[PDB]
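This is what each chain is made of:
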Amino acid sequence: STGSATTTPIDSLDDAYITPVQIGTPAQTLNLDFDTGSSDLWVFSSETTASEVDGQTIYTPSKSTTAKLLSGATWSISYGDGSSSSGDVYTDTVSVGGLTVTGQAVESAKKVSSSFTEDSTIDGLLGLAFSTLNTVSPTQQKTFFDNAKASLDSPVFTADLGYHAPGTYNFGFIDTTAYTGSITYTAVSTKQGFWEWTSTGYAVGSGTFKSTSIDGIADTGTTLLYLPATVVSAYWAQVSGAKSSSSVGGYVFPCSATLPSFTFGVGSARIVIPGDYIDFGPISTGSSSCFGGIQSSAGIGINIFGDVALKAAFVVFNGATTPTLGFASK
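Residues numbered from 1 in each chain as written, not as in the entry; some residues may be left out. Heavy atoms only, no water. Residues with missing side-chain atoms left out of burial classes, pairs and counts.

(A) Structural view of the pattern of salt bridges. Within this structure, the stated rule accounts for two salt bridges. Ionic pairing is found between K311 and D14, a salt bridge with its closest N-O pair at 2.7 Å. Separated by 297 residues along the polypeptide, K311 in the loop between α4 (307-310) and β23 (314-318) and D14 in the loop between β1 (3-9) and β2 (17-23) bring together distant segments of the chain. Side by side, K311 and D14 carry an identical accessibility label, which is buried. Between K330 and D160 there is a salt bridge, and its shortest N-O distance comes to 2.8 Å. Residue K330 is located in the segment after β24 (324-328), and its partner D160 is located in strand β9 (residues 156-160); the two are separated by 170 residues in the primary sequence. (Salt bridge = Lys/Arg side-chain N within 4 Å of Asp/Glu carboxyl O. Helix = DSSP H or I, 4+ residues; strand = E, 2+ residues; numbered from the N terminus. Buried < 20%, exposed > 50% of the residue type's maximum accessible area, 1.4 Å probe, protein only.)

(B) Geometry of the domain arrangement of the chain. Entries for the chain in the domain assignment read domain 1 (5-174) and domain 2 (175-330). Relative to domain 2, the C-alpha centre of domain 1 lies at a distance of 25 Å. Looking at the side of domain 1 that touches domain 2, the elements that each hand over two or more residues are β3 (28-35), β9 and β10 (167-171). With five residues, the single largest contributor to the side of domain 1 that touches domain 2 is β9. (Domains from an automatic or database assignment.)

(C) Representation of the sheet that holds strand β21 (residues 294-296) in the model. Strand order in this open sheet of seven strands is β18-β17-β12-β13-β22-β14-β21, and the pairing throughout is mixed. Both outer strands of the open sheet, β18 (269-273) and β21, are each paired with one neighbouring strand and no more. Strand-to-strand, the axes of this sheet are offset by a mean angle of 45 degrees, without reference to chain direction. As judged from the three bridges shared by strand β13 (residues 210-218) and strand β22 (residues 303-305), these two strands associate in the parallel manner. Considered in β22, the bridge of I217 is made with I304. The strands that helix α3 (residues 229-236) touches are β12 (196-204), β13, β14 (225-227), β17 (262-266) and β21; relative to β21, the one it contacts most, it runs at about 140 degrees. (Pairing = 2+ DSSP bridges. Axes fitted to C-alpha atoms, helices over the stretch in contact; angles between N-to-C directions. Contact = heavy atoms within 4.5 Å.)

(D) The arrangement of the UniProt feature "active site" in the chain in detail. Residues given the UniProt feature "active site" here are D35 and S199. The subset of the named residues that lines the largest pocket consists of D35. When sequence neighbours within four positions are dropped, the list of residues in contact with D35 reads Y79, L125, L126, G127, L128, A129, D219, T220 and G221. At a separation of 2.6 Å, a polar atom in the side chain of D35 contacts the side chain of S38. Those residues in contact with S199 that lie beyond four places of it in its chain are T212, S213, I214, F264, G265 and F305. (UniProt positions renumbered as here; feature names shortened; annotations may be inferred. 1 Å grid on protein atoms, 1.4 Å probe; cavity = no way out; pocket = protein on both sides within 12 Å on 5 of 7 lines; lining within 4 Å. Polar contact = N/O pair within 3.5 Å; in protein donor to acceptor, adjacent residues only side chain to side chain.)

Set out below in structure tokens:
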């Protein structure tokens, strides 16, 4: 089997991407944030505290003839941005782009933190990291991909995120029309539950490539590119007036600037992030200070190849017995 679904930016900055997902019988379609940095499929629901729902579409398990309470199971998750959610668990039929999994754990939110409430466009998350990170207790549950894998034509999914435009998540096949050149595959460590890999270096603009190993994660659920402070300083030093602002929370730059590109290495191959992809617009409405799309990972503990980096590539998440990642230009 295969599946193919379009993923759409939630706003004009590509802060996140939403993909429609069918849950239950009859189908209830929710727009979920596919997140290769986490491993829970959770949704706003009829159980979510009413004051914490503000425009999201909810899953109502009582209206699904295939929903079953997973008795005694609870979940609770905190994300790197300080947001969180928790609740109980149903199993139900879940379909993405024509690919159907029966018995998928659908984690129903009883509580969500303010940033989720405040984002009316995201009805929940669909985790695509390794199932070892799934938070369901006392019986850990499998991701949608893990449940689907055995049925797929090939044990892979691909992320093809657009810049200010829709893109595609495919399951079970690699669309050879969706990228240019060849796909370069690189090793993955699953030890922390992430799609963790080592980039071979970077360049700023037209500058020379610096060969240096940068361990990090391919994370579709993180907006920006978070890299070591040395690398990030070297980038922003090429932008007149750019500075790190403790009050804003990262590097800012004059909105009048034209940003240089940023290249990252995948083995001997190179992925070029155009400068425009690094512009996240005014820090507050009407400001002439703009927020940078490359930020330091120093306070995180891991480097994160988030959407800024991934949307410059066609990315293969290869879930073969030994997982690997593939990157191609597009």
